[PDB]
Amino acid sequence: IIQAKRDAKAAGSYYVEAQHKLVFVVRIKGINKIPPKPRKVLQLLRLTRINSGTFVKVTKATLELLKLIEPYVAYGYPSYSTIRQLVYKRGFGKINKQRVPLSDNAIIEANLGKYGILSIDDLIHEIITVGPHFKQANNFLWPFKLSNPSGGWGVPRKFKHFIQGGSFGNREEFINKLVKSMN
Amino acid sequence: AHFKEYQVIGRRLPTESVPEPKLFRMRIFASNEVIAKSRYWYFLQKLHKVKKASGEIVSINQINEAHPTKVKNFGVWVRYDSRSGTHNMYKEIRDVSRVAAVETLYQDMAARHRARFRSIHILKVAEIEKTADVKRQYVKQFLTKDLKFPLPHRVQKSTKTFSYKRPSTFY
Amino acid sequence: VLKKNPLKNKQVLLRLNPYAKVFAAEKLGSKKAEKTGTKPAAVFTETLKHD
Amino acid sequence: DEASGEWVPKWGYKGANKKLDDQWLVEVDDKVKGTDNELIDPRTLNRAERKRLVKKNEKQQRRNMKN
Amino acid sequence: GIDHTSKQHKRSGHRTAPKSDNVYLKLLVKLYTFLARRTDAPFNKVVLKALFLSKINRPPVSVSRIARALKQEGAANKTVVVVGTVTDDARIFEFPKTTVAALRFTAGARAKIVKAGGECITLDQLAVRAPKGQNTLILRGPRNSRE
Amino acid sequence: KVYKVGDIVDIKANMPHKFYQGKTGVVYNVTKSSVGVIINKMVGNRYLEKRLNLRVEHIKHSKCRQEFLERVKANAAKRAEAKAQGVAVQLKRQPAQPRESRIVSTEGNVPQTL
RNA sequence: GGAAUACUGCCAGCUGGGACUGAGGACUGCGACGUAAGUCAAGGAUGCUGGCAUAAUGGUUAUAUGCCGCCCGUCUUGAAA
RNA sequence: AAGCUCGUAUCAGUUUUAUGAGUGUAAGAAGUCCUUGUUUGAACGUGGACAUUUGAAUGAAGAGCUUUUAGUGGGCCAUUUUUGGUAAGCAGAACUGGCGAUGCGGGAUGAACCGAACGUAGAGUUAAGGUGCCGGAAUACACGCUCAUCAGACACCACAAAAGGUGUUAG
RNA sequence: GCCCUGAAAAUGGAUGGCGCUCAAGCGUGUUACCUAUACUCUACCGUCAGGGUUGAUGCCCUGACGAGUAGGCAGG
Ligand SMILES: [Mg+2]
Ligand SMILES: [Mg+2]
Ligand SMILES: [Mg+2]
Ligand SMILES: [Mg+2]
Ligand SMILES: [Mg+2]
Ligand SMILES: [Mg+2]
Ligand SMILES: [Mg+2]
Ligand SMILES: [Mg+2]
Ligand SMILES: [Mg+2]
């Protein structure tokens with residue numbers, strides 16, 4: 001990607017990168033006073049409490065859900081380091097409807113080996129590159145229970161858009177800083 | 001925040017029988033690239049009939065000040081919103097960078113005109129090459145040959161609650 | 001009986017990831033890139049500098 | 001007429017007593033269910049009822065003339 | 001707080017234990033609980049579930065009904081299992097020879113089976129004979145026939 | 001243009017009951033001059049069935065299952081084709097995907113500042 | 001023309017100070033370091049040392065100090081009103 | 001609350017796609033093909049078969065059906081549409097929230113405001129609101145404006161005529 | 001834009017008080033800091049669920065939950 005941008009500039013062109021295929025979404029507001037349709041969309045995205053996060057595959061069917069729940073979440077494009085740290089520290093699997101910590105490759109192999117996933121790094125790979133079994137791997141992952149940001153939210157009022165000096169909405173690449181603070 | 005200047009070049013999405021659409025470039029003052037892209041789509045929708053869902057961002061690049069350690073006079077032509085319409089304003093700002101001048105302008109608009117970032121439009125920031133074209137007195141008074149001025153009544157900050165001497169304001 | 005963070009506990013890190021040993025040995029977190037001398041186009045420079 | 005902003009005759013030529021005949025949509029009443037009049041047009045039923053009322057008035061007038 | 005998608009502390013139920021204080025019925029429940037845990041036999045699961053039912057849900061099964069069940073093809077040598085009372089029927093005059101396992105037999109039903117030439121056994125003897133319910137036929141009495 | 005019982009129709013006027021505009025229902029009764037339509041209206045928390053009587057010209061046939069029928073025909077054809085010539089065929093619809101990388105050349109398309 | 005630095009991001013880089021916690025109770029597992037025997041920070045605290053051995057810690061009780069605390073029941077949306 | 005069955009069953013206050021109106025409907029066993037049988041076309045079928053690449057996304061451990069029964073039902077407020085208005089208030093419909101049954105943080109104080117819903121505790125981080133003193137927290141940093149013979153620290157409605165002024169600042 | 005006038009009664013009182021004038025006022029920006037029964041981790045209680053087990057309505061392992069009037073069910 002770095003070389004493509006350098007070569008396109010050298011040839012008088014502009015290299016347009018591929019759009020992001022993955023977002024990380026964190027619920028930012030509590031459960032009091034939520035409109036029913038955003039409430040339903042939050043339940044469908046498994047954001048049942050404040051500071052719960054999930055990975056979402058970017059399609060037209062999910063971008064509209066994100067647009068619906070924009071005032072109540074902060075989301076963006078996660079990086080490999082963010083995903084690796086999230087899975088290593090707060091990675092829990094859903095086995096027999098139970099929240100089981102991913103402390104050994106045996107659990108991951110036993111529950112996801114039919115899809116070719118043998119280790120926590122295979123799981124991270126399927127998350128970062130949205131593979132054929134992203135739905136199964138992401139639903140195997142229990143929703144991440146994050147803390148409050150360690151250095152604060154950076155704003156005096158959270159419930160404005162990130163463009164307008166608030167917190168909610170698509171902050172794109174800055175979700176990495178926010179989530180590493182909250183992790 | 002502390003502003004940066006970007007160039008944002010975008011276009012309509014390519015279609016069959018209309019390939020290679022025109023590229024449009026804007027110079028945007030913003031704190032970050034997310035704000036810069038949002039402002040670009042706002043202005044592109046306001047001027048052309050291009051929507052974010054119908055187009056794409058070809059490129060966004062930060063533009064640095066060419067000579068950040070040279071003092072310059074800037075003429076800033078801005079346009080702000082009112083219920084009667086949009087009104088022009090021309091201000092002159094002496095500073096060492098375009099982003100510094102734009103930040104000074106935004107602070108001055110917030111102080112005086114009670115204006116906000118979403119309502120203020122920057123139409124032009126242009127350096128004045130020759131001092132003879134400067135026509136604001138608060139800028140012209142600093143262009144005097146051999147400019148010297150004192151700073152009477154210096155107030156020194158104290159680190160302690162009680163002082164054992166009466167303070168002096170000499171400088 | 002107690003969850004241990006691989007990002008802090010080296011033994012748990014090596015248990016989960018056998019390749020962390022190679023990563024640390026080869027210093028792959030500070031890998032140097034090959035130096036290339038590609039130059040941008042004059043049209044790109046003019047577009048960037050244009051008002 | 002409240003729904004429009006016009007004054008209309010309440011009977012006769014273009015009268016307001018026959019607007020249900022030309023109404024574009026009529027809800028079928030629940031009370032008509034379980035009867036053989038379920039499949040009949042409510043506009044036609046109202047025309048029949050109006051004609052029956054007219055004939056009842058004519059019969060009452062002829063009764064007054066007989067008496 | 002959390003926006004719950006389902007109710008909290010919901011009892012599944014599923015009739016864990018019988019309401020009876022019969023010690024022998026409790027012993028049979030214990031035996032078939034062990035069997036349904038350690039045998040992986042659907043017959044043992046069904047019998048354990050049936051042992052938990054109430055009287056109105058355990059209707060009696062007649063010897064005529066048992067004979068009609070044995071009238072099937074390939075079932076003439078099977079063991080009839082009724083988790084409940086086997087009652088007598090005088091409307092049937094020809095009864096086959098068979099082994100019947102039941103909780104209770106009436107005097108008439110027991111006499112009729114023994115006279116035909118078979119045996120009336122208990123559920124624990126059935127568990128000894130067929131630990132996985134081999135060659136068994138579970139009969140249930142009519143529910144809606146009572147009113 | 002004849003409406004049979006069970007057809008799915010759209011209510012499209014060419015003044016009262018303006019709520020039943022653009023609604024789609026199932027025909028339950030047809031006469032010489034009028035057509036009956038069943039509308040499920042959300043009353044409280046449960047759909048309730050309401051009977052409507054319309055003039056013929058104020059409704060039209062609904063094309064709300066045309067794509068489904070054509071897709072079923074195409075799916076059967078594609079599965080038969082892949083049975084004839086063995087290859088994996090993807091028979092499910094997919095959402096719009098994010099677009100891939102591309103190179104935009106400024107050959108004659110030099111960006112114009114506005 | 002040759003550099004540096006800023007900014008942003010990454011490191012399965014190193015290292016110092018502080019706070020709270022020590023659930024569990026033979027072994028079993030997954031690992032790591034060692035040619036090996038073995039060792040280990042790897043499925044939850046051990047080791048060493050001192051003072052006291054009693055009103056000292058602690059409890060009770062009477063009060064003082066900081067902050068919080070409207071009078072219950074009933075009847076009406078609501079009740080200091 | 002009791003029984004029967006099913007549990008890749010049943011689905012959903014959601015999106016997508018297709019089709020409408022300016023939010024409704026549809027998205028598979030309550031399918032499909034061949035063979036030409038019922039009164040050359042619509043509509044009803046005799047006989048065979050295609051499965052776990054069985055027909056968009058996301059979520060979902062409980063679902064469907066028969067019975068069985070305690071307490072209760074004309075309330076207030078607010079938002080969003082629509083019709084008609086008044087000196088001004090507003091009056092009538094439809095949907096959706098909040099409250100009664102509910103404590104906690106903040107707004108000095110409080111039915112409908114901001115935050116957040118509650119097992120007993122420890123440590124950490126925060127929300128809303130704040131950091132002169134009462135009072136935990138910068139008499140922080142920075143650019144401007146203002147001097148009021150009872151300024152202002154507010155609800156953004158009214159007083160309000162975008163009126164008056166030889167106040168001041170920027171256009 | 002800010003400031004003054006732009007109508008006011010009637011016990012003595014209120015930006016909550018003190019007070020504050022390059023503010024401790026007004027607009028804006030950048031940080032640091034304070035602390036909720038909220039969030040994160042841990043222990044403990046109870047409930048529910050899923051497993052294992054030849055004082056067995058016991059024991060063991062694991063996971064998630066905990067507001068409440070009328071009222072219901074359960075154990076004391
Ligand atoms: Mg801190
Ligand atoms: Mg805040
Ligand atoms: Mg003491
Ligand atoms: Mg008090
Ligand atoms: Mg203090
Ligand atoms: Mg007045
Ligand atoms: Mg204060
Ligand atoms: Mg300020
Ligand atoms: Mg709780």
Side-chain angles (χ1 to χ4, degrees), chain A residues 30-33 35-37 39-41 43-46 49-51 56 59-62 64-65 68 79 81 96-100 103-106 135 139 145-150 152-153 157-158 176, chain B residues 1-2 87 89-91 103-104 106-114 116, chain C residues 1-2 6-7 9-15 17 19-21 23-24 27-30, chain D residues 2, chain E residues 1-2 4-6 8-12 16-17 30 33-34 37 57 143, chain F residues 8 10-12 19 21-25 62-68 71-72 75-76 79-80 83 88-96:
Chain A
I31 64 173
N32 316 84
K33 299 189 190 304
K37 185 200 291 287
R39 185 191 312 122
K40 187 58 187 306
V41 180
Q43 291 183 302
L44 288 189
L45 290 195
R46 301 192 292 169
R49 78 193 64 184
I50 189 180
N51 304 336
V56 179
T59 62
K60 178 64 176 303
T62 59
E64 308 312 312
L65 300 165
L68 287 182
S79 66
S81 68
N96 308 326
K97 313 299 184 56
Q98 300 194 341
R99 183 172 176 263
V100 179
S103 61
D104 199 271
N105 294 326
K135 179 190 182 68
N139 200 267
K145 296 155 52 64
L146 298 175
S147 190
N148 277 310
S150 183
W153 299 87
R157 291 193 192 177
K158 272 164 39 163
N176 295 313
Chain B
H2 185 261
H87 297 169
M89 182 174 289
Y90 175 79
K91 307 279 290 184
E103 195 178 18
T104 299
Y106 272 108
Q107 284 300 97
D108 185 87
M109 292 302 107
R112 291 182 143 99
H113 197 253
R114 253 70 193 183
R116 299 303 141 85
Chain C
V1 305
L2 170 69
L7 304 173
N9 205 321
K10 283 290 187 178
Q11 292 298 318
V12 177
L13 164 70
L14 284 175
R15 178 216 298 175
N17 199 323
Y19 187 70
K21 179 188 179 185
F23 198 102
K27 298 266 195 175
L28 300 177
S30 302
Chain D
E2 285 281 352
Chain E
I2 61 171
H4 287 294
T5 65
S6 64
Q8 298 306 293
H9 310 134
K10 183 178 179 180
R11 281 183 184 85
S12 61
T16 297
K30 157 185 179 183
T33 307
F34 177 83
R37 184 177 92 251
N57 290 314
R143 297 279 188 94
Chain F
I8 318 181
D10 294 318
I11 302 182
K12 173 198 176 60
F19 169 77
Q21 167 78 350
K23 300 286 176 291
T24 303
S62 182
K63 309 162 54 178
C64 62
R65 299 186 69 194
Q66 162 201 12
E67 198 267 357
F68 176 56
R71 182 158 43 88
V72 169
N75 280 7
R79 181 176 287 183
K83 223 66 178 183
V89 54
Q90 293 177 335
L91 301 162
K92 296 184 188 299
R93 295 174 293 176
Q94 299 296 332

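All chains are named by letter (A, B, ...) in the order of the sequence lines, taking the proteins before the strands, and each is independently numbered beginning at 1.
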Between [options], which nucleotide has the shortest distance from any of its atoms to the side chain of [X]?
X      : options               : result
E/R11  : I/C48, G/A42, H/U25   : I/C48
B/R112 : H/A170, I/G46, H/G124 : H/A170
B/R114 : H/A56, I/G1, H/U58    : I/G1
A/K158 : H/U58, G/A12, H/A127  : H/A127

Roughly how many Å apart are [M] and [N], using the [atom1] atom of each and rounding to a whole number?
N      : M      : atom1 : answer
H/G130 : I/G16  : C1'   : 15 Å
G/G9   : G/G2   : P     : 30 Å
G/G34  : G/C11  : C1'   : 28 Å
G/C68  : H/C104 : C1'   : 14 Å
H/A49  : H/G31  : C1'   : 14 Å
G/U57  : G/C52  : P     : 15 Å
H/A12  : H/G64  : P     : 9 Å

**Message:** Please report the sugar pucker of I/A9 as north or south based on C1'-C2'-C3'-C4'.
**Reply:**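 The sugar ring of I/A9 falls in the north range (positive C1'-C2'-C3'-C4' torsion).
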
Could you identify the nucleotide paired to [N], looking across every strand shown and requiring Watson-Crick or G-U wobble geometry with both distances under 3.5 Å?
N      : answer
H/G115 : H/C104
I/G16  : H/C134
I/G29  : H/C141
H/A51  : none
H/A123 : I/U40
I/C65  : I/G46
H/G64  : H/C4
H/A43  : H/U38

Report yes if a side-chain nitrogen or oxygen of [X] is closer than 4.0 Å to either non-bridging phosphate oxygen (OP1 or OP2) of [N]; otherwise report no.
X     : N      : answer
A/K97 : I/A64  : no
E/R37 : I/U53  : yes
A/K60 : H/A56  : no
F/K23 : H/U25  : no
A/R49 : H/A116 : no
F/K12 : H/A21  : yes
E/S12 : I/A49  : yes
F/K92 : H/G55  : yes

**Asked** Does the side-chain ring of C/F23 sit on the six-membered ring of the G/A12 base, less than 5.5 Å centre to centre and under 30° in tilt?
**Response**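 Here C/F23 meets both the 5.5 Å and the 30° conditions.
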
[M] and [N], neighbours in the strand: six-membered ring centres under 5.5 Å and planes under 30°?
N      : M      : result
G/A55  : G/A56  : no
H/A137 : H/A138 : no
H/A101 : H/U102 : no
H/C118 : H/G119 : no
H/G115 : H/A116 : yes

**Item:** First of F/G22 and A/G30 reached from the 5' end of RNA chain H, by closest nucleotide
**Value:**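 It is F/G22, whose closest nucleotide lies nearer the 5' terminus.
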
**Heavy-atom donor-acceptor pair, B/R114 side chain to B/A111 backbone, under 3.5 Å** = yes

**Prompt:** Okay, side chain of F/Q66, backbone of F/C64: is any donor-acceptor separation there less than 3.5 Å?
**Reply:** no

So what does [X] hit on the nucleic acid, given a heavy-atom distance under 4.0 Å: a base, only sugar-phosphate, or nothing?
X     : result
A/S81 : sugar-phosphate
A/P36 : base
C/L7  : nothing
F/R79 : base
B/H87 : nothing
B/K91 : sugar-phosphate

Could you tell me the separation between the [atom1] atom of [X] and the [atom2] atom of [N], rounded to a whole number of Å?
X      : N      : atom1 : atom2 : value
F/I11  : H/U25  : CD1   : P     : 12 Å
A/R157 : H/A128 : CZ    : P     : 8 Å
C/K10  : G/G13  : NZ    : P     : 5 Å
F/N75  : H/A56  : CG    : P     : 7 Å
C/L2   : G/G22  : CG    : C1'   : 10 Å
A/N148 : H/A127 : CG    : P     : 7 Å
A/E64  : H/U17  : CD    : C1'   : 12 Å
B/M109 : H/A170 : CE    : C1'   : 8 Å

**Request:** Can you see which heavy atom on C/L13 is nearest to which on C/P6, and at what distance?
**Result:**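 Distance-wise, the nearest heavy atoms are CB-O, 3.3 Å.
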
Return the polar atom pairs (N/O with N/O) between nucleotides 25-30 of chain G and the protein under 3.5 Å, or none.
from: G/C30; atom 1: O2'; to: A/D104; atom 2: OD2; distance (Å): 2.6
from: G/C30; atom 1: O2; to: C/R15; atom 2: NE; distance (Å): 2.9

**Request:** Give the stems involving RNA chain G, where a stem is 3 or more consecutive Watson-Crick or G-U wobble pairs (i with j, i+1 with j-1, and so on) under 3.5 Å.
**Result:**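 Stems found: G:31-33 with G:38-40.
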
**Residue met sooner reading RNA chain I from 5', once E/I2 and A/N51 are mapped to nucleotides** = A/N51

**Message:** Taking the nucleotide of RNA chain I with the nearest heavy atom to each, does A/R99 or E/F34 sit closer to the 5' end?
**Reply:** E/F34

**Request:** For atom CZ of E/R37, decide whether the heavy atoms of other residues, nucleotides or ligands shown that lie under 6.0 angstrom number more than 12.
**Result:** yes

**Asked** Is the base of I/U62 touched by the side chain of A/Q98 through a donor-acceptor pair closer than 3.5 angstrom?
**Response** yes

